[PDB]
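Single chain ahead, by itself, as structure tokens, in the form solved without uracil.
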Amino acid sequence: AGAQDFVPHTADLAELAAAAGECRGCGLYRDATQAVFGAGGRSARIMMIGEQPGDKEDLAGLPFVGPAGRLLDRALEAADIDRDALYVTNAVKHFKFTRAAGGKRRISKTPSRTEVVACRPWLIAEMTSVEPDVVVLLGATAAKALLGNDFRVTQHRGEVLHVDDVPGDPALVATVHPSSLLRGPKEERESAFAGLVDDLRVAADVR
């Protein structure tokens, strides 16, 4: 049952976000600072979904505000997509984390499939509210949330996907999460960035 009873009977994003602040649909609300709902408006043609709010997002109250979000901004701009026209969110809405002694940040921990499924009523509410033409799935957790737990992002780069149990039948494009592009050898980071731009352009060219 997960988050389902916490989701109000409205498509209004402000009302949904306020209700998500009270969600206890899995255990992640306990240690997180606050729920981080998606950001953007219901006229958005492109929805983008990451894994979870990270350390910076958990305190900003907004998605994609840390280093991964700044890299995503650079890729969006290169793809000539206006971020203000997107609806951006995450598969789960509370930050799951630990700390290491001497660390500079809280370290994100992978949501279990159980947590993803518990939080999915919020994602369905967002998709029903926004009616996107295309959904960009950033990373394995988000892609699996809609495409199935066995789905491999690495095996379907550049492909427009469609699955029948997604409400509205939007196009789906699964790509690497921007956090994966922050570190590594220079030429591999550069090739990976170009690939993210490519996938964003595929999504933007839908219809």
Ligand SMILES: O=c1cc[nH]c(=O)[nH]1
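Numbers follow the displayed sequence, beginning with 1.
- Set 20-28 against 185-193 and average the Cα temperature factors; 185-193 ends up higher.
- Stretches 101-109 and 119-127 differ in mean CA B factor, with 101-109 having the higher one.
- Note on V92, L137, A85, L72: the highest value goes to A85, judged by CA B factor as recorded.
- Comparing C-alpha B-factors across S180, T33, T175, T141 in the deposited entry, the largest value falls on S180.
- The entry lists a Cα temperature factor for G41 that places it in the highest third of the chain's modelled residues.
- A171: CA B factor lies in the middle third for its chain, per the PDB record.
- Per the deposited record, the Cα B-factor of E159 falls in the middle third when ranked against the other modelled residues of its chain.
- In the deposited entry, the Cα temperature factor of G54 places it in the lowest third of its chain's modelled residues.
Quick note: we don't show the form solved in complex with uracil, though the next part is all about it.
- By the criterion of a heavy atom within 4.5 Å, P170 is excluded from the residues contacting uracil in the bound PDB entry.
- By the criterion of a heavy atom within 4.5 Å, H177 is counted among the residues contacting uracil in the bound PDB entry.
- Of the heavy atoms in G50, some are within 4.5 Å of uracil in the bound PDB entry.
- At a distance threshold of 4.5 angstroms between non-hydrogen atoms, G54 is in contact with uracil in the bound PDB entry.
- Shown alone, this chain has one stretch from 146-154, 160-168, 38-46, 55-63 that lies within 4.5 Å of uracil in the bound PDB entry by heavy atoms: 55-63.
- Although uracil is not shown here, in the bound PDB entry the stretch 84-122 places heavy atoms of just one residue, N90, within 4.5 Å of it.
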